[PDB]
Amino acid sequence: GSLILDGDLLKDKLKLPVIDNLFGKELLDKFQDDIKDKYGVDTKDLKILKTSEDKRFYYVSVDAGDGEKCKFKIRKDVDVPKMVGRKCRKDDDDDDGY
């Protein structure tokens, strides 16, 4: 589940640079069940590069250990009660959503 923004009440998101990887580790820790359910991943191994977000989504760039550096796309609870996806694709992406 998400619970990270009940019905999109985003007033205070980020006014800083890259958010602490700890915060992303917390995301991935809480959404671990989703990430593991959907994809089957361990978030404890996930090496966070850049914890951030945009609007109704979180974006946690991590090294998956697989060589891929995916930017976990945690759709906030703005609409869905879970994380929607994960913006992977290191060098050149195309999909806006995921």
# chains A, B, ... in the order shown; residues from 1 in each chain; ligands from 1
$ residues_around --residues "residue 54 in chain A" --least-positions-apart "4" --cutoff "12 Å" --atoms "only C-alpha atoms" --output "PyMOL selection string"
chain A and resi 10+12-15+18-19+58-60+71-76
$ select_by_dssp --residues "range 58-96 of chain A" --states "strand (DSSP E or B)" --output "PyMOL selection string"
chain A and resi 58-63+69-75+85-87
$ residues_around --residues "residue 29 in chain A" --least-positions-apart "6" --cutoff "12 Å" --atoms "only C-alpha atoms" --output "PyMOL selection string"
chain A and resi 1-2+21-23+35-36+41-46+74
$ write_last_selection --atoms "N, CA, C and O atoms" --output "JSON list (two decimals), in the first residue's frame"
[["chain", "number", "residue", "atom", "x", "y", "z"],
["A", 1, "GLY", "N", 0.83, -1.23, 0.00],
["A", 1, "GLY", "CA", 0.00, 0.00, 0.00],
["A", 1, "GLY", "C", 0.84, 1.26, 0.00],
["A", 1, "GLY", "O", 2.05, 1.21, 0.26],
["A", 2, "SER", "N", 0.21, 2.39, -0.29],
["A", 2, "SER", "CA", 0.91, 3.67, -0.34],
["A", 2, "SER", "C", 0.67, 4.48, 0.93],
["A", 2, "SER", "O", 1.57, 4.59, 1.77],
["A", 21, "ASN", "N", 18.93, 9.13, 0.98],
["A", 21, "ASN", "CA", 18.69, 7.77, 0.51],
["A", 21, "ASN", "C", 17.94, 6.97, 1.56],
["A", 21, "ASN", "O", 17.22, 6.03, 1.24],
["A", 22, "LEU", "N", 18.10, 7.36, 2.82],
["A", 22, "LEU", "CA", 17.38, 6.77, 3.94],
["A", 22, "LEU", "C", 15.88, 6.88, 3.69],
["A", 22, "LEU", "O", 15.14, 5.91, 3.86],
["A", 23, "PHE", "N", 15.44, 8.06, 3.27],
["A", 23, "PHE", "CA", 14.03, 8.31, 3.01],
["A", 23, "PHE", "C", 13.53, 7.42, 1.88],
["A", 23, "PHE", "O", 12.41, 6.91, 1.92],
["A", 35, "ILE", "N", 6.55, -3.85, -4.36],
["A", 35, "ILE", "CA", 7.66, -4.10, -5.27],
["A", 35, "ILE", "C", 7.95, -5.59, -5.40],
["A", 35, "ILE", "O", 8.29, -6.08, -6.48],
["A", 36, "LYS", "N", 7.78, -6.32, -4.31],
["A", 36, "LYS", "CA", 8.04, -7.74, -4.28],
["A", 36, "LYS", "C", 6.86, -8.51, -4.85],
["A", 36, "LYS", "O", 7.03, -9.51, -5.54],
["A", 41, "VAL", "N", 11.16, -8.19, -5.82],
["A", 41, "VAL", "CA", 12.43, -7.54, -5.57],
["A", 41, "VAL", "C", 12.70, -7.44, -4.07],
["A", 41, "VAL", "O", 11.78, -7.44, -3.26],
["A", 42, "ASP", "N", 13.97, -7.35, -3.72],
["A", 42, "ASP", "CA", 14.38, -7.06, -2.36],
["A", 42, "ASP", "C", 14.88, -5.62, -2.28],
["A", 42, "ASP", "O", 15.84, -5.25, -2.96],
["A", 43, "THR", "N", 14.23, -4.81, -1.46],
["A", 43, "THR", "CA", 14.56, -3.39, -1.39],
["A", 43, "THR", "C", 15.72, -3.12, -0.44],
["A", 43, "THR", "O", 16.27, -2.01, -0.41],
["A", 44, "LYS", "N", 16.10, -4.12, 0.34],
["A", 44, "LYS", "CA", 17.20, -3.99, 1.26],
["A", 44, "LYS", "C", 18.52, -3.93, 0.49],
["A", 44, "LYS", "O", 19.44, -3.21, 0.88],
["A", 45, "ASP", "N", 18.58, -4.66, -0.61],
["A", 45, "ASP", "CA", 19.77, -4.66, -1.47],
["A", 45, "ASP", "C", 19.84, -3.38, -2.30],
["A", 45, "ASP", "O", 20.93, -2.87, -2.55],
["A", 46, "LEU", "N", 18.68, -2.87, -2.70],
["A", 46, "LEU", "CA", 18.60, -1.73, -3.61],
["A", 46, "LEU", "C", 19.48, -0.57, -3.16],
["A", 46, "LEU", "O", 19.32, -0.02, -2.07],
["A", 74, "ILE", "N", 6.85, 5.71, -7.22],
["A", 74, "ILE", "CA", 5.82, 5.46, -6.24],
["A", 74, "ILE", "C", 4.72, 6.48, -6.41],
["A", 74, "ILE", "O", 4.78, 7.59, -5.86]]
$ atom_distance --atom1 "CA of residue 39 in chain A" --atom2 "CA of residue 7 in chain A"
25.2 Å
$ closest_residue --among "A:38, A:47, A:30, A:11" --to "residue 61 in chain A" --atoms "only C-alpha atoms"
A:47
$ select_by_dssp --residues "range 7-83 of chain A" --states "alpha helix (DSSP H)" --output "VMD selection string"
chain A and resid 21 to 30 32 to 38
$ atom_distance --atom1 "CA of residue 26 in chain A" --atom2 "CA of residue 4 in chain A"
11.4 Å
$ closest_residue --among "A:56, A:50, A:69, A:86" --to "residue 98 in chain A" --atoms "only C-alpha atoms"
A:86
$ residues_around --residues "residue 40 in chain A" --least-positions-apart "5" --cutoff "12 Å" --atoms "only C-alpha atoms" --output "compact mmCIF listing (two decimals) with N, CA, C and O atoms, in the first residue's frame"
# COMPACT_ATOMS: atom_id res chain seq x y z
N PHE A 31 7.05 0.04 0.63
CA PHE A 31 6.48 -0.41 -0.63
C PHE A 31 7.14 -1.71 -1.07
O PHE A 31 6.86 -2.22 -2.15
N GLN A 32 8.01 -2.24 -0.21
CA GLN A 32 8.70 -3.48 -0.46
C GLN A 32 7.73 -4.59 -0.81
O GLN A 32 7.97 -5.37 -1.72
N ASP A 33 6.62 -4.64 -0.09
CA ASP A 33 5.60 -5.65 -0.33
C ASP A 33 5.01 -5.50 -1.72
O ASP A 33 4.79 -6.50 -2.41
N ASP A 34 4.80 -4.26 -2.16
CA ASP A 34 4.31 -4.01 -3.51
C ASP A 34 5.36 -4.40 -4.52
O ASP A 34 5.10 -5.19 -5.42
N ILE A 35 6.55 -3.85 -4.36
CA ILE A 35 7.66 -4.10 -5.27
C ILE A 35 7.95 -5.59 -5.40
O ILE A 35 8.29 -6.08 -6.48
N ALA A 64 19.81 -1.46 -9.24
CA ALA A 64 19.10 -2.69 -8.93
C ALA A 64 20.05 -3.87 -8.75
O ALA A 64 19.61 -4.99 -8.46
$ decode --residues "range 58-89 of chain A" --atoms "N, CA and C atoms" --output "PDB file, in the first residue's frame"
ATOM      1  N   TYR A  58       6.542   9.489  -6.448  1.00  0.00           N
ATOM      2  CA  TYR A  58       7.902   9.485  -5.932  1.00  0.00           C
ATOM      3  C   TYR A  58       8.828   8.923  -6.991  1.00  0.00           C
ATOM      4  N   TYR A  59      10.085   9.329  -6.957  1.00  0.00           N
ATOM      5  CA  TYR A  59      11.060   8.862  -7.928  1.00  0.00           C
ATOM      6  C   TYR A  59      12.393   8.575  -7.250  1.00  0.00           C
ATOM      7  N   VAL A  60      12.632   7.304  -6.965  1.00  0.00           N
ATOM      8  CA  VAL A  60      13.835   6.892  -6.256  1.00  0.00           C
ATOM      9  C   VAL A  60      14.791   6.147  -7.186  1.00  0.00           C
ATOM     10  N   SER A  61      15.784   6.860  -7.704  1.00  0.00           N
ATOM     11  CA  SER A  61      16.805   6.256  -8.551  1.00  0.00           C
ATOM     12  C   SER A  61      17.646   5.289  -7.738  1.00  0.00           C
ATOM     13  N   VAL A  62      17.679   4.035  -8.157  1.00  0.00           N
ATOM     14  CA  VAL A  62      18.449   3.019  -7.463  1.00  0.00           C
ATOM     15  C   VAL A  62      19.195   2.134  -8.445  1.00  0.00           C
ATOM     16  N   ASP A  63      20.310   1.598  -7.994  1.00  0.00           N
ATOM     17  CA  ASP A  63      21.007   0.570  -8.732  1.00  0.00           C
ATOM     18  C   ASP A  63      20.440  -0.772  -8.309  1.00  0.00           C
ATOM     19  N   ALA A  64      19.812  -1.462  -9.243  1.00  0.00           N
ATOM     20  CA  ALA A  64      19.095  -2.694  -8.935  1.00  0.00           C
ATOM     21  C   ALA A  64      20.046  -3.874  -8.746  1.00  0.00           C
ATOM     22  N   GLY A  65      21.342  -3.633  -8.927  1.00  0.00           N
ATOM     23  CA  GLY A  65      22.318  -4.708  -8.853  1.00  0.00           C
ATOM     24  C   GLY A  65      22.353  -5.513 -10.135  1.00  0.00           C
ATOM     25  N   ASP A  66      21.322  -5.326 -10.941  1.00  0.00           N
ATOM     26  CA  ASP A  66      21.165  -6.029 -12.204  1.00  0.00           C
ATOM     27  C   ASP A  66      21.846  -5.247 -13.326  1.00  0.00           C
ATOM     28  N   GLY A  67      22.399  -4.094 -12.969  1.00  0.00           N
ATOM     29  CA  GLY A  67      23.015  -3.224 -13.950  1.00  0.00           C
ATOM     30  C   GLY A  67      22.101  -2.082 -14.330  1.00  0.00           C
ATOM     31  N   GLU A  68      20.834  -2.224 -13.980  1.00  0.00           N
ATOM     32  CA  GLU A  68      19.831  -1.227 -14.272  1.00  0.00           C
ATOM     33  C   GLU A  68      19.722  -0.228 -13.125  1.00  0.00           C
ATOM     34  N   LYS A  69      19.547   1.032 -13.480  1.00  0.00           N
ATOM     35  CA  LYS A  69      19.400   2.093 -12.506  1.00  0.00           C
ATOM     36  C   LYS A  69      18.004   2.686 -12.621  1.00  0.00           C
ATOM     37  N   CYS A  70      17.076   2.057 -11.929  1.00  0.00           N
ATOM     38  CA  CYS A  70      15.670   2.383 -12.051  1.00  0.00           C
ATOM     39  C   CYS A  70      15.289   3.455 -11.055  1.00  0.00           C
ATOM     40  N   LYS A  71      14.431   4.344 -11.483  1.00  0.00           N
ATOM     41  CA  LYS A  71      13.954   5.419 -10.633  1.00  0.00           C
ATOM     42  C   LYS A  71      12.548   5.081 -10.142  1.00  0.00           C
ATOM     43  N   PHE A  72      12.475   4.367  -9.018  1.00  0.00           N
ATOM     44  CA  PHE A  72      11.211   3.841  -8.497  1.00  0.00           C
ATOM     45  C   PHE A  72      10.120   4.894  -8.475  1.00  0.00           C
ATOM     46  N   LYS A  73       9.023   4.586  -9.150  1.00  0.00           N
ATOM     47  CA  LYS A  73       7.947   5.533  -9.331  1.00  0.00           C
ATOM     48  C   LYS A  73       6.784   5.184  -8.425  1.00  0.00           C
ATOM     49  N   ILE A  74       6.848   5.707  -7.225  1.00  0.00           N
ATOM     50  CA  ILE A  74       5.823   5.465  -6.243  1.00  0.00           C
ATOM     51  C   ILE A  74       4.716   6.484  -6.406  1.00  0.00           C
ATOM     52  N   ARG A  75       3.740   6.140  -7.232  1.00  0.00           N
ATOM     53  CA  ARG A  75       2.536   6.939  -7.353  1.00  0.00           C
ATOM     54  C   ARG A  75       1.977   7.133  -5.967  1.00  0.00           C
ATOM     55  N   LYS A  76       1.969   8.366  -5.513  1.00  0.00           N
ATOM     56  CA  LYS A  76       1.494   8.651  -4.177  1.00  0.00           C
ATOM     57  C   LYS A  76       0.034   8.229  -4.048  1.00  0.00           C
ATOM     58  N   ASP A  77      -0.483   8.244  -2.830  1.00  0.00           N
ATOM     59  CA  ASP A  77      -1.862   7.820  -2.565  1.00  0.00           C
ATOM     60  C   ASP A  77      -2.849   8.881  -3.076  1.00  0.00           C
ATOM     61  N   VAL A  78      -2.448   9.546  -4.154  1.00  0.00           N
ATOM     62  CA  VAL A  78      -3.166  10.677  -4.727  1.00  0.00           C
ATOM     63  C   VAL A  78      -4.377  10.212  -5.510  1.00  0.00           C
ATOM     64  N   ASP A  79      -4.463   8.912  -5.651  1.00  0.00           N
ATOM     65  CA  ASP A  79      -5.356   8.286  -6.617  1.00  0.00           C
ATOM     66  C   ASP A  79      -5.375   6.779  -6.406  1.00  0.00           C
ATOM     67  N   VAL A  80      -4.189   6.189  -6.356  1.00  0.00           N
ATOM     68  CA  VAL A  80      -4.054   4.765  -6.105  1.00  0.00           C
ATOM     69  C   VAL A  80      -3.490   4.525  -4.711  1.00  0.00           C
ATOM     70  N   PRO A  81      -3.874   3.412  -4.093  1.00  0.00           N
ATOM     71  CA  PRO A  81      -3.419   3.040  -2.758  1.00  0.00           C
ATOM     72  C   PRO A  81      -2.104   2.266  -2.755  1.00  0.00           C
ATOM     73  N   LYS A  82      -1.264   2.478  -3.757  1.00  0.00           N
ATOM     74  CA  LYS A  82      -0.025   1.716  -3.875  1.00  0.00           C
ATOM     75  C   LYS A  82       0.974   2.448  -4.757  1.00  0.00           C
ATOM     76  N   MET A  83       2.131   1.837  -4.958  1.00  0.00           N
ATOM     77  CA  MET A  83       3.098   2.345  -5.912  1.00  0.00           C
ATOM     78  C   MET A  83       2.723   1.839  -7.297  1.00  0.00           C
ATOM     79  N   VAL A  84       2.708   2.731  -8.268  1.00  0.00           N
ATOM     80  CA  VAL A  84       2.249   2.384  -9.604  1.00  0.00           C
ATOM     81  C   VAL A  84       3.325   1.665 -10.416  1.00  0.00           C
ATOM     82  N   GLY A  85       4.573   2.094 -10.277  1.00  0.00           N
ATOM     83  CA  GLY A  85       5.607   1.577 -11.138  1.00  0.00           C
ATOM     84  C   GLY A  85       6.997   1.950 -10.685  1.00  0.00           C
ATOM     85  N   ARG A  86       7.854   2.216 -11.652  1.00  0.00           N
ATOM     86  CA  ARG A  86       9.256   2.472 -11.392  1.00  0.00           C
ATOM     87  C   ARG A  86       9.920   2.913 -12.688  1.00  0.00           C
ATOM     88  N   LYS A  87      10.376   4.148 -12.725  1.00  0.00           N
ATOM     89  CA  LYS A  87      10.898   4.727 -13.949  1.00  0.00           C
ATOM     90  C   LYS A  87      12.332   4.275 -14.194  1.00  0.00           C
ATOM     91  N   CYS A  88      12.462   3.083 -14.742  1.00  0.00           N
ATOM     92  CA  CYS A  88      13.760   2.509 -15.060  1.00  0.00           C
ATOM     93  C   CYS A  88      14.336   3.145 -16.312  1.00  0.00           C
ATOM     94  N   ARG A  89      15.279   2.437 -16.944  1.00  0.00           N
ATOM     95  CA  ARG A  89      15.855   2.852 -18.215  1.00  0.00           C
ATOM     96  C   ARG A  89      16.843   3.985 -17.983  1.00  0.00           C
TER      97      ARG A  89
END
